[PDB]
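One structure below.
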Amino acid sequence: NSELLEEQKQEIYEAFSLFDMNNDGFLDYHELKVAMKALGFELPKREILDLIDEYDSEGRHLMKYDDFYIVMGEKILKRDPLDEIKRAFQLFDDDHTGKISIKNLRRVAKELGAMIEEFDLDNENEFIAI
Amino acid sequence: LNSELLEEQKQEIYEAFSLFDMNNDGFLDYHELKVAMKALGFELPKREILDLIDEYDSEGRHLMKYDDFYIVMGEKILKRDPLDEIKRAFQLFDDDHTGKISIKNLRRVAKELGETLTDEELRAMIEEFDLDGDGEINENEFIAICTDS
Amino acid sequence: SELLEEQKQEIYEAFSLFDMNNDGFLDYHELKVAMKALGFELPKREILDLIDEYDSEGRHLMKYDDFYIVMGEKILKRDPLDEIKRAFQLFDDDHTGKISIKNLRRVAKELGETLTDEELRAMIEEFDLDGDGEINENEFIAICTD
Amino acid sequence: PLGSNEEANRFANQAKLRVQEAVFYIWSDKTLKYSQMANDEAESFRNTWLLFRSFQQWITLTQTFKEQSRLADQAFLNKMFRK
Ligand SMILES: [Ca+2]
Ligand SMILES: [Ca+2]
Ligand SMILES: [Ca+2]
Ligand SMILES: [Ca+2]
Ligand SMILES: [Ca+2]
Ligand SMILES: [Ca+2]
Ligand SMILES: [Ca+2]
């Protein structure tokens, strides 16, 4: 484990902050489950509860931001930097085709509110190069 | 007034009064009021019901107007223990008294309330809150669904 | 202000029956019973007041035309509450000023009715508004008023 | 044909009857049943409202978490989006 990078430092904060639904500075299972999808992590139901069980030394099933920060931190660095990539690919692929087309890209471009061939050599392989 | 009442709770009081005004004068006599109180789950002793209408009448007769019903009840409801209320709602989901709300259960409720939902969606509901993982919602899981948000 | 058909008929129906001799007039004797049927119990001399008043000869007979009017205006001046108050007494045969379980038990059978004591208890328990398990007059008036 | 005008009194006992039934029925037949009738309509209300409240709390949460979840993936791309 390294000193965690600033760029990722914010992402953690943003995750926690952006997805505290009821806005009580804690996350509970439901919030925690969505909070981690923002950092790419998608863990088994069992697993998630497991975590809340571990760091809720507070009693009554919640997670302080500090604990949260500590955790996702190790997860981000200790993560296969290619699994990071793998999920990203899995997410553009709505139709589960195997190759990203524009109906799965403008799909994103639009869902946030030129250079078509830019990084095209014709898949997961061309991906990592970016 | 105070801790502002819920939009679902306002409609509670209205609908109740509106449904038990057996004539539609905007008024309720003892009889008209006793049932209206059961409907908000507030069965009182007879004495105290008469006591209440009196209390609210300087204008001689024996009635209550929406205006004041809407308030007596208003605080009657706030004083309400939220836990007993959920507990009771659970029982209604569990027709078959199996101890857990199954999807047949939830479906029945959802049809009963005139919603139309795809089973993929009922399963969506159950999954999100089925923390013990057995694909039904038990008491403690239901409580948590309703706890506050 | 105007008589109901039920009322209009009542009058006629009464003056029809107690006119023993079909002759169209009621004598004192016939009148006394006529008025007691329609519910009125007047002093004997006041009945004579009537006959004589509406009577242009030493005849002592009352025409239907006169009965209708006298009775008619005696029906309208009727206090709505008097009917209710005189209703209570038919249930309160014992005349205790309160209506009992066994009172109603007597009514129901007399009105060809099978109802359990819970059905009857229910009837009182609902209107008994002081807790004594019995219906006094005020409460009975209430039942009736709207 | 036969009988007296004690029958005038056999006509009072009868008039007092058309009224006994009258007031007995509006008491019972009409008025007292509403104690059972609306007593039920009361349960049915309570009940329905009880259901509605809980169900609406259930479903809208599910809706939020779905809706949130699909925004979390949205979010997670927004970093890699700028290459
Ligand atoms: Ca929270
Ligand atoms: Ca009314
Ligand atoms: Ca069940
Ligand atoms: Ca469960
Ligand atoms: Ca004659
Ligand atoms: Ca009596
Ligand atoms: Ca009484």
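Those protein sequences? They're chains A, B, C and D, same order as listed. Letter by letter, the first sequence follows residues 5 to 134 of my numbering. Letter by letter, the second sequence follows residues 7 to 155 of my numbering. Letter by letter, the third sequence follows residues 8 to 153 of my numbering. Letter by letter, the fourth sequence follows residues -7 to 75 of my numbering. Note that beta-carbon positions come from the ideal geometry of N, C-alpha and C, so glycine has one too.
**Item:** Where the alpha helix (DSSP H) containing residue 3 of chain C begins and where it ends
**Value:** Summary: the structure shown does not reach residue 3 of chain C, with chain C confined to residues 8 through 153, and so no result is reported for it.
**Own chain residues within Cβ distance below 7 Å of A:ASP97, not counting five before or after** = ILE104 and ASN108
**Item:** Helix, strand or coil at A:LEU81 [DSSP, three-state]
**Value:** DSSP, read as helix, strand or coil, puts A:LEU81 in helix.
**Message:** Short of 7 Å in beta carbon distance, which residues of its chain neighbour B:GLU145, apart from the five on each side in sequence? Order them along the chain.
**Reply:** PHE96
**Asked** Should C:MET42 be listed as close to ligand 2, given that the test is whether its C-beta is under 8 Å from any heavy atom?
**Response** no
**Request:** Mind the definition here: the stretch 63 to 74 of chain C touches the stretch 132 to 140 of chain B only if three or more C-beta pairs lie below 8 Å; say whether that holds.
**Result:** no
**Prompt:** Measuring CB to CB, does C:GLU141 end up less than 9 Å from C:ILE150?
**Reply:** no
**Test: C:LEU111 CB closer than 9 Å to a CB of chain B** = no
**Prompt:** How about D:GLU33: is its C-beta nearer than 9 Å to some C-beta of chain C?
**Reply:** no
**Request:** Could you check what DSSP says for C:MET69 in three-state terms: helix, strand or coil?
**Result:** strand
**Request:** Going by DSSP, name the residue or residues bridged to B:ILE143.
**Result:** B:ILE107
**Message:** With a threshold of 9 Å between beta-carbons, can D:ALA7 be considered close to chain E, or not?
**Reply:** Judged by its chain identifiers, the structure shown contains no chain E, and its protein chains are A, B, C and D.
**Request:** Tell me, please, which residues DSSP counts as bridged to B:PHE26.
**Result:** B:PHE26 pairs with nothing; no bridge assigned.
**Prompt:** If you draw a straight line from the C-alpha of A:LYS49 to the C-alpha of B:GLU91, how long is it?
**Reply:** 29 Å
**Prompt:** From which residue to which residue does the alpha helix (DSSP H) around B:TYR62 run?
**Reply:** Looking at the DSSP string, B:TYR62 is not in any alpha helix (DSSP H), and its letter there is neither H nor E.
**Item:** Where the alpha helix (DSSP H) through D:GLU(-1) begins and ends
**Value:** From DSSP, D:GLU(-1) is part of no alpha helix (DSSP H); its letter is neither H nor E.
**Message:** Applying the 10 Å Cβ sphere with the 16-neighbour rule, what's the burial state of B:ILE77?
**Reply:** exposed
**Message:** When you measure from the CB of C:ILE106 to every non-hydrogen atom of ligand 6, does any distance come out below 8 Å?
**Reply:** Checking the Cβ of C:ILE106 against ligand 6 gives yes.
**Item:** Touching by the beta-carbon criterion (3+ pairs, under 8 Å), the stretch 112 to 119 of chain B and the stretch 33 to 53 of chain B
**Value:** no
**Message:** Just to confirm before moving on: does the CB-CB distance between A:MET76 and A:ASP32 stay below 9 Å?
**Reply:** no
**Request:** Taking only beta carbons into account, state which residues of the stretch 42 to 69 of chain A come closer than 8 Å to chain D, listed in chain order.
**Result:** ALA42, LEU43 and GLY44
**Prompt:** Hey, is B:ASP35 close to ligand 2, as in C-beta under 8 Å from one of its heavy atoms?
**Reply:** yes
**Message:** In this structure, how does DSSP classify D:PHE73 when only helix, strand and coil are distinguished?
**Reply:** helix
**Item:** Given B:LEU39 as reference, the closest of D:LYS25, D:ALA30 and D:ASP21 once Cα atoms are compared
**Value:** D:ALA30
**Message:** Whole angstroms are fine: how far does the CA of B:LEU58 sit from the CA of A:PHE30?
**Reply:** 45 Å
**Item:** Extent of the continuous alpha helix (DSSP H) run through D:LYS22
**Value:** No alpha helix (DSSP H) holds D:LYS22; DSSP gives it neither H nor E.
**Message:** Can you give me the C-alpha to C-alpha distance between D:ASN5 and D:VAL11, rounded to a whole angstrom?
**Reply:** 10 Å
**Prompt:** Within 8 Å: the Cβ of D:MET29 and any heavy atom of ligand 2?
**Reply:** no
**Request:** Using only the heavy atoms of ligand 7, determine whether one of them is closer than 8 Å to the beta carbon of C:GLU133.
**Result:** no
**the stretch 114 to 145 of chain C: positions lying closer than 7 Å to chain D by Cβ** = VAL114, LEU118, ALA129, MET130 and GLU133
**Prompt:** So, is the C-beta of C:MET78 closer than 9 Å to a C-beta in chain D?
**Reply:** no
**Request:** For my contact list, residue 108 of chain D and A:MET25 are in at a C-beta cut-off of 8 Å; report their separation, rounded to the angstrom.
**Result:** Residue 108 of chain D lies beyond the stretch modelled for chain D, which goes from -7 to 75, so this question has no answer here.
**Minimum C-alpha distance to C:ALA129 - residue among D:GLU59, D:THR23, D:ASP65 and D:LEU42** = In terms of CA proximity to C:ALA129, D:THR23 leads the group D:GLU59, D:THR23, D:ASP65 and D:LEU42.
**Item:** Continuous alpha helix (DSSP H) stretch holding A:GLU35: start and end
**Value:** 33 to 41
**Item:** Near ligand 6: D:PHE16 beta-carbon under 8 Å from a heavy atom
**Value:** no
**Prompt:** Taking 9 Å as the CB-CB cut-off, is C:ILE150 touching chain D?
**Reply:** yes
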